[PDB]
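A note on names: the letters A, B, ... follow the listed sequences, proteins ahead of strands, and every chain is numbered from 1. Hydrogens, waters and symmetry mates are skipped; everything else that's a heavy atom, side chains included, is used.
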Amino acid sequence: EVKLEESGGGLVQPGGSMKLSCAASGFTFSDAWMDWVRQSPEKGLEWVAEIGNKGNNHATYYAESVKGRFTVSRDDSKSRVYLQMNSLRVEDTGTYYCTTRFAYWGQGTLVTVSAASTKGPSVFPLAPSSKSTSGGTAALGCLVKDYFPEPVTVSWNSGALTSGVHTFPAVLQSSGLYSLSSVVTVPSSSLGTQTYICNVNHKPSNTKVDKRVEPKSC
Amino acid sequence: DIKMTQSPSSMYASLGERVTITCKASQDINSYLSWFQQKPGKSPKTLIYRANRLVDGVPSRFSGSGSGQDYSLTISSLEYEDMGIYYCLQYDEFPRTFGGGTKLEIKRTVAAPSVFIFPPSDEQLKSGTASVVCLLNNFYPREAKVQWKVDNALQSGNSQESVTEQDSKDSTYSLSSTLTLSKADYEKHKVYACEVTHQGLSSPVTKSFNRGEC
């Protein structure tokens, strides 16, 4: 089976440098052309660089946007392709994928080019309403506020609760920090008996939070 | 650069229906065209290469056709798992260039949202900001209007919305709207209300709370 796995991304300041790496297996690497492609909500999918196989002398090709700043290279003995990015710009932000000339793709590595500092989130309860319809359905959740960079993941009850869960896409606030919410609907009857915990992970800040959400006392 | 233009930008289809989407290049690309499917948060999956060659591991219901500047992807009979965004790519020349995507979603019955309002937590207020959240749960179609009022004053410009996608468990949408106020402003007002308009509702639904009551 063909496998590709990118690494090296993260937060970096404008003008800075970052090297991405892609580990490949499941095919004869030296015979494969390789590419880097990036994706952003802004610009969609953009081809970045291409590097030839050994028969084509590892010839390199670049998007004009990155020419002179980015360098694609490979180590056939290691089955690795690399992307060295210098003089990084805010608009270089995106998910970077390595691909076998567009046949197979890795999972991607997120590159955030920003002058802003890493910040872990605060987690606040979205407490079930005291007017939750008797015998009906209640909603509860957690608000994951003010983090940078992306991403954040959320689970409920350590993965034991998945039904009725909606975890919303993050929104970029005017402050430049992200926020997201996760909610779950449950039987009103269960609010007095069951415990609900949202598990929040912000790996960029090494921040994990387990927030128990319960009805507000009165 | 060769411009790749996809049509439609987005569409809905019912389970089992035939789907055809198109990709037009600004010049002849000699069938050096690939198609991909992408689901949220996941990498692209190649479906078709060289305009009409199916990739190994892709269902036979997918096919590609076309020549010159004009190409098409057909799903002979849509399956639920075919929701996602579809892209084309030319590799006749450098730079390689991608289309802007076609979003494909599944048709289903109208569903009105259930609506919930959440006051800011006491924990958050300790820090000088108040977030008020309105949840619209499990509605279809996606069009919906959320109106915030604070003591009957319409709030404009101080809220942000986020919406879920259809997925393996849900063919409806859910939406959160978050109203941001300073603590000082929050504590000067009493009635917090979110009003929801959706075609599945006979009339708009309002959920509200009074600050400092249960």
Side-chain angles (χ1 to χ4, degrees), chain A residues 8-18 20 38-46 65-66 69 85-96 108-126 141-154 167-183 198 200-209 211, chain B residues 40-41 118 120-121 123-134 146 148 155-165 175-186:
Chain A
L11 177 63
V12 56
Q13 305 202 300
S17 295
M18 171 176 277
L20 308 183
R38 65 190 180 185
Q39 188 169 27
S40 63
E42 286 72 16
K43 298 197 247 87
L45 287 157
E46 290 179 300
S65 52
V66 307
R69 303 188 297 119
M85 304 183 294
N86 301 321
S87 304
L88 279 159
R89 304 168 178 169
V90 159
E91 64 263 28
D92 295 317
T93 296
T95 296
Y96 282 68
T109 188
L110 180 66
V111 174
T112 302
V113 185
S114 174
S117 302
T118 299
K119 182 186 176 305
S122 290
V123 185
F124 302 119
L126 299 166
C142 300
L143 173 61
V144 184
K145 187 140 164 73
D146 289 346
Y147 64 91
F148 190 83
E150 297 197 273
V152 158
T153 62
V154 186
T167 298
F168 293 96
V171 306
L172 182 58
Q173 304 167 112
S174 51
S175 61
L177 301 170
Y178 292 91
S179 174
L180 61 76
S181 314
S182 185
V183 301
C198 77
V200 180
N201 199 345
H202 185 234
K203 277 175 197 303
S205 71
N206 293 305
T207 293
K208 290 191 289 179
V209 175
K211 178 70 190 188
Chain B
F118 300 95
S121 65
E123 296 98 301
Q124 183 185 20
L125 293 174
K126 294 174 208 159
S127 76
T129 299
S131 305
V132 197
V133 174
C134 190
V146 173
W148 282 103
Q155 304 297 296
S156 183
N158 51 358
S159 59
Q160 297 184 280
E161 295 189 344
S162 186
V163 187
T164 58
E165 301 298 322
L175 178 152
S176 74
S177 180
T178 305
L179 177 73
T180 302
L181 301 182
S182 72
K183 177 183 179 170
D185 280 340
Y186 175 72

Exercise for the section: Report the C-alpha separation of B:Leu181 and B:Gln155 in whole Å, then their side-chain angles, then the decisive distance to 0.1 Å, and conclude whether the side-chain contact (heavy atoms from CB on, under 4.5 Å) test is met. Expected result: CA-CA 10 Å; B:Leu181 301 182; B:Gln155 304 297 296; 4.1 Å; yes
Problem - Point-to-point distance, once rounded to the nearest 0.5 Å, from CD of B:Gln160 to OG of B:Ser177 - result: 9.0 Å
Exercise for the section: Please lay out, stage by stage, how A:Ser65 and A:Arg38 fare under the test side-chain contact (heavy atoms from CB on, under 4.5 Å). Expected result: CA-CA 12 Å; A:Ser65 52; A:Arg38 65 190 180 185; 3.7 Å; yes
Exercise for the section: Determine whether A:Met18 and A:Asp92 make a side-chain contact, defined as any pair of heavy atoms from C-beta on separated by less than 4.5 Å. Expected result: no
Handout entry: Interatomic spacing from OH in A:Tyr147 to OG in A:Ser179 - rounded to 0.5 Å
Key = 7.0 Å
Problem - Flag side-chain contact, heavy atom, 4.5 Å: A:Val111 against A:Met85 - result: yes
Practice task
Would you give the length of the straight line joining atom NZ of B:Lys126 to atom OG of A:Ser122, rounded to the nearest 0.5 angstrom?
Solution key: 11.0 Å
Exercise for the section: Check whether any side-chain heavy atom of A:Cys198 sits under 4.5 Å from a side-chain heavy atom of A:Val200, and report yes or no. Expected result: yes
Problem - Pair A:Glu150-A:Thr112, side-chain contact (heavy atoms from CB on, under 4.5 Å): steps then yes or no - result: CA-CA 8 Å; A:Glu150 297 197 273; A:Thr112 302; 5.9 Å; no
Exercise for the section: Kindly indicate whether the side chain of A:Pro121, heavy atoms from C-beta on, has any atom under 4.5 Å from the side chain of A:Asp146. Expected result: no
Handout entry: Nearest heavy atoms of A:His202 and A:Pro149, plus distance in Å
Key = NE2-O, 2.7 Å
Exercise for the section: Nearest 0.5 Å please: distance from the NZ atom of A:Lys119 over to the OG atom of A:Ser175. Expected result: 9.0 Å
Practice task
Mind running side-chain hydrogen bond (donor to acceptor under 3.5 Å, both in side chains) on B:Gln124 and B:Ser131 for me, showing each step along the way?
Solution key: CA-CA 8 Å; B:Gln124 183 185 20; B:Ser131 305; 2.8 Å; yes
Handout entry: Atom of B:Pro120, atom of B:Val132 and distance for their closest heavy-atom approach
Key = CD-CG2, 4.1 Å
Handout entry: Closest contact, heavy atoms only, A:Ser17 versus A:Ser87
Key = OG-N, 4.3 Å
Problem - pair B:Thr180-B:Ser159: side-chain heavy atoms closer than 4.5 Å - result: no
Problem - Side-chain heavy atoms of A:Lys145 within contact of B:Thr129, under 4.5 Å - result: yes
Handout entry: Side-chain heavy-atom pair A:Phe168, A:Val183 within 4.5 angstrom cut-off
Key = yes
Exercise for the section: Evaluate the side-chain contact (heavy atoms from CB on, under 4.5 Å) criterion for residues B:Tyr186 and B:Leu125: first the C-alpha distance (whole Å), next the side-chain angles of each, then the deciding distance (0.1 Å), finally the verdict. Expected result: CA-CA 9 Å; B:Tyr186 175 72; B:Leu125 293 174; 4.0 Å; yes
Practice task
Starting at CG of A:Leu126, measure out to NZ of A:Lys211 and round the result to the nearest 0.5 Å.
Solution key: 10.5 Å
Problem - Nearest non-hydrogen partners of A:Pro14 and A:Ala115, listed with the distance - result: CD-N, 3.6 Å
Exercise for the section: State whether the side chain of B:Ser162 and the backbone N or O of A:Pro169 hold a donor-acceptor pair below 3.5 Å, judged by distance alone. Expected result: yes
Handout entry: For A:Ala116 against A:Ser114, the heavy-atom pair lying closest together
Key = N-OG, 3.0 Å
Completion exercise
Closest non-hydrogen atoms of A:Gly9 and A:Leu20, given as atom of the first, atom of the second and distance, are N-CD2, 3.6 Å
Practice task
Compare all side-chain heavy atoms of B:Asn158 with those of B:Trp148 and state whether any distance is below 4.5 angstrom.
Solution key: no
Practice task
Any chance you could measure A:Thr153, atom OG1, to A:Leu180, atom CG, to the nearest 0.5 Å?
Solution key: 9.5 Å
Practice task
Check whether more than 12 heavy atoms from other residues, nucleotides or ligands sit under 6.0 Å from atom NZ of A:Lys203, and answer yes or no.
Solution key: no
